[PDB]
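First comes one chain, alone, set out as structure tokens in the form deposited in one PDB entry.
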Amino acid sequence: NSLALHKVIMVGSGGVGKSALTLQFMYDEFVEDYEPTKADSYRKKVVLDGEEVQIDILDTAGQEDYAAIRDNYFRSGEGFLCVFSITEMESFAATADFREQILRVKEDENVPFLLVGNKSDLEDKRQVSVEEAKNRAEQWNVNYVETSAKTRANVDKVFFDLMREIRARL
């Protein structure tokens, strides 16, 4: 009677595509204006490897600055999509901070976690090399996936593959 509930948290610096990825996954729409300061949760039934489950997505927005609240939000998460934009090197640099924030709270270096390089449809504006992102993912023992919220490339993959990590590790 009770479905598995996979609790996913989007993290990453501003403008990288957290909301656009979420809204593409949820509603099959590329949304380009979503309030940068708006954090919201989303829930959908999805059939994961043939099992009906519920995904809950917390689309964070960095507005909450009070560390105890931010940590409470992370503590509740079971898996993390750590998003940067391949067109903004500083957003890639910033991923280290989210990683540490998550590790401090979850206290488990194997927490379900994907490094997501979004905006793969903007190859001509790339600032982060595939090599260096892959190297960082290797250092963290996480998978690296490049996505485009615009074209839908690997959007279902990152949510499904994270749910597979949650299923396996919890």
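So that the term is clear: the rigid core is the largest set of C-alpha atoms that superpose within 1.5 Å between two forms. Residue positions are given as counts along the sequence shown, with the first one as 1.
The following text describes the form deposited in another entry, which does not appear among the structures shown.
**Student:** Looking at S41, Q127, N135, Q63, which has a Cα shift of 2 angstroms or more between this form and the one not shown when the rigid core is held fixed?
**Tutor:** Shifted by 2 Å or more: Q63 only.
**Student:** What direction does the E64-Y42 Cα distance move in the other form compared with the shown chain, closer or farther, given a change of 3 Å or more?
**Tutor:** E64 and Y42 sit farther apart in the other form.
**Student:** Given that the distance between the C-alpha atoms of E64 and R43 changes by 3 Å or more in the other form, do they end up closer or farther than here?
**Tutor:** Relative to this form, farther apart in the other form.
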